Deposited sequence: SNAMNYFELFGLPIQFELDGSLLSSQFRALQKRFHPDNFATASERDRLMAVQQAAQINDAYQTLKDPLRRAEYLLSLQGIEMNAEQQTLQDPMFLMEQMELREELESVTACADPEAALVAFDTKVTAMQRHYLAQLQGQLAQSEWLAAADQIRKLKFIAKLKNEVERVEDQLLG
């Protein structure tokens, strides 16, 4: 079974996060190794495997990027832009400079706002593209969002540093 079936969910990008979280807790509770503590050797090993596949599935569907990437994998598509690159370098630069701005926590909030807006716009574009089976456009959105994700991770670092 693929990851979507496992949770009884439709194969699509749009996902009820709370539903996934409920379906996962039911599975995790059911396939928890403690439920097989006295089973035969073979049964315990298969159950930890099943428990592992469930965690994998949940980890993959929980995150939009992995989920989108997974959706592409089901189509048989496996994946490995200069101006976008230069912009990301510029943004990275802007980020390293907020901690010298007059109001660092204000500049950080400002920066965080526009990065979140970018992420939102790419996610929306990704969703529309997956909806109309435009896989390569989708693949392109996925790469860019991986950049934005790292960028977002760096601003949270700054939020912890600055403080």
Legend entry - Missing C-alpha runs, given along the deposited sequence, first residue counted as 1: 1-3, 84-90, 174
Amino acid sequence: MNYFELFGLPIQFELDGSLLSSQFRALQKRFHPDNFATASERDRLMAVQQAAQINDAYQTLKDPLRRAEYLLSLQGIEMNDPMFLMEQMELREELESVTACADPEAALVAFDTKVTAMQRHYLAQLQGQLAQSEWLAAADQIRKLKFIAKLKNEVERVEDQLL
From here on, numbers count along this sequence of modelled residues.
Legend entry - Mean temperature factor over C-alpha atoms, higher-scoring stretch between 142-150 and 14-22: 14-22
Inset, instruction - Averaging the C-alpha B factors as listed in the entry, name the stretch that ends up higher: 96-104 or 123-131. - result: 96-104
Legend entry - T38 - which third its CA temperature factor falls in, relative to the rest of the chain: lowest
Inset, instruction - Ordered by C-alpha B-factor within the chain, which third holds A110? Give me lowest, middle or highest, please. - result: highest
Inset, instruction - Please place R67 in the lowest, middle or highest third of its chain by C-alpha B factor as given in the entry. - result: lowest
Legend entry - Within-chain third of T116 by Cα B-factor, per the entry: middle
Inset, instruction - Select lowest, middle or highest to describe the third in which the CA B-factor of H32 falls within its chain in this entry. - result: lowest
